[PDB]
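Fold and geometry: a report
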Amino acid sequence: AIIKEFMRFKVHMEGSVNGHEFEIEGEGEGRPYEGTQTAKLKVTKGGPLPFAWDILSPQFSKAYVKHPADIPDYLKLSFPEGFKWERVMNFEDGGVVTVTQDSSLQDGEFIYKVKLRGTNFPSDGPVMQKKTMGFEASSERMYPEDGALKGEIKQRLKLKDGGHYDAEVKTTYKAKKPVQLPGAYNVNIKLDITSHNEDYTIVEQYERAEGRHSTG
């Protein structure tokens, strides 16, 4: 079909965190049906970033989630038109991130456009002081609602000084054309930052994502 075994992507983010505006550009690739991918990102404006990269890392790809055959792969089916999503993240210390995204397919590649606004992070908190050390593996609980696919997750960021820093994330994913919605299931995700330069202006990431049954 139109999604191959191997697919490349291009991503653009504009964003702002606590007033600091930035842009990021990137490129990636992976195995949609295997649920694997990598990306190399660069900050093209407003670098070096005066906040933790970990609040950006999960915003850069839902077509690359391995699904068993009997769970409708709603986000794969949305193509070539693609899909949109809208995400709210509430961090435990009052930080808030909202994100919007458009995905489409152009000349055999995915094209992702992201906008992000983070606000109300305490200035001494672990985001503005760069004290996070990456994401624990997590599970997004998916379920259909009101003509769209919803995802909920509790994210846990590791802190450099021991301990964890949590967020509650809810996401609405909506296909540009009406396609087959799944029922309730789970997506296990591990996301690692595989390399970075000293100021996180060039970052590489790797993500593995797999759909699992919640019932039966």
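To be clear, the structure that these remarks concern was listed above.
All of the points below concern the structure found in this document. (Residues numbered from 1 in each chain as written, not as in the entry; some residues may be left out. Heavy atoms only, no water.)

1. Here's the deal with the nonpolar core
For soluble globular proteins, the rule of thumb is that nonpolar side chains tend to be buried together. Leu 56 and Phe 110 are the most contacted members of the largest nonpolar core, which totals 55 residues. The residues touching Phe 110, leaving out its near neighbours within four places in the chain, are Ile 3, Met 7, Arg 8, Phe 9, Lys 10, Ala 63, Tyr 64, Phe 79, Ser 104 and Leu 105. (Core = buried A, V, L, I, M, F, W, Y, C linked by side-chain atoms within 4.5 Å. Buried < 20%, exposed > 50% of the residue type's maximum accessible area, 1.4 Å probe, protein only. Contact = heavy atoms within 4.5 Å.)

2. Observations regarding the packing of aromatic side chains
Applying the stated criterion across every chain yields a total of eleven aromatic pairs. When the ring of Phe 91 is compared with that of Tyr 165, the centres are 5.4 Å apart and the planes differ by 20°; the resulting orientation is stacked. Here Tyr 165 lies in strand 10 (residues 164-175) and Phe 91 lies in strand 4 (residues 83-91), a separation of 74 residues in the sequence. For the pair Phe 91 and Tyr 165, a shared accessibility class is recorded, and that class is buried. By the ring-pair criterion, three or more aromatic residues cluster together here, those being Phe 9, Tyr 64, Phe 79, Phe 83, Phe 110 and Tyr 112. The side chain of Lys 76 reaches across the aromatic face of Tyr 33, ending 5.3 Å from its centre. (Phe/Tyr/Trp six-rings, centres within 6.5 Å; stacked < 30°, edge-to-face > 60°. Helix = DSSP H or I, 4+ residues; strand = E, 2+ residues; numbered from the N terminus. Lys NZ or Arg CZ within 6 Å of the ring centre and 35° of its normal.)

3. Let's talk about the pattern of salt bridges
Applying the stated criterion across every chain, the model contains 14 salt bridges. A salt bridge links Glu 25 to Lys 42, with the shortest nitrogen-to-oxygen separation between them at 4.0 Å. Within this pair, whereas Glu 25 is found in strand 2 (residues 20-31), its partner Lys 42 is found in strand 3 (residues 36-45), the two being separated by 17 residues in sequence. In this structure, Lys 76 and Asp 73 form a salt bridge, with 2.7 Å as the shortest nitrogen-oxygen distance. Judged by relative accessible area, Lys 76 falls into the buried class, the value being 9%. Connected through shared salt-bridge partners, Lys 84, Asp 102 and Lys 176 make up one network. (Salt bridge = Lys/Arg side-chain N within 4 Å of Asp/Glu carboxyl O.)

4. Looking at the environment of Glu 140
Relative to the helices and strands, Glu 140 resides in strand 8 (residues 138-145). Between the alpha carbons of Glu 140 and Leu 77 there is a distance of 19 Å; along the sequence they are 63 residues apart. Contact partners of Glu 140, with chain neighbours within four places excluded, come to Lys 62, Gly 151, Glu 152, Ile 153, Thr 171, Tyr 173, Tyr 185, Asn 186, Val 187 and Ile 189.

5. A short note on the pairing of strand 4
Covered by surrounding structure in strand 4 are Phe 83, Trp 85, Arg 87, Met 89 and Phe 91 only, the residues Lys 84, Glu 86, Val 88 and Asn 90 on the alternate face being uncovered. The turn joining strand 4 and strand 5 (residues 96-106), which pair antiparallel and follow one another in sequence, is formed by four residues; a positive phi near 100° is taken by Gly 94. Inspection of the sheet shows strand 4 paired to strand 10 by nine bridges, in the antiparallel sense. Each bridged residue has a counterpart across the sheet, and for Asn 90 the counterpart in strand 10 is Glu 168. (Pairing = 2+ DSSP bridges.)

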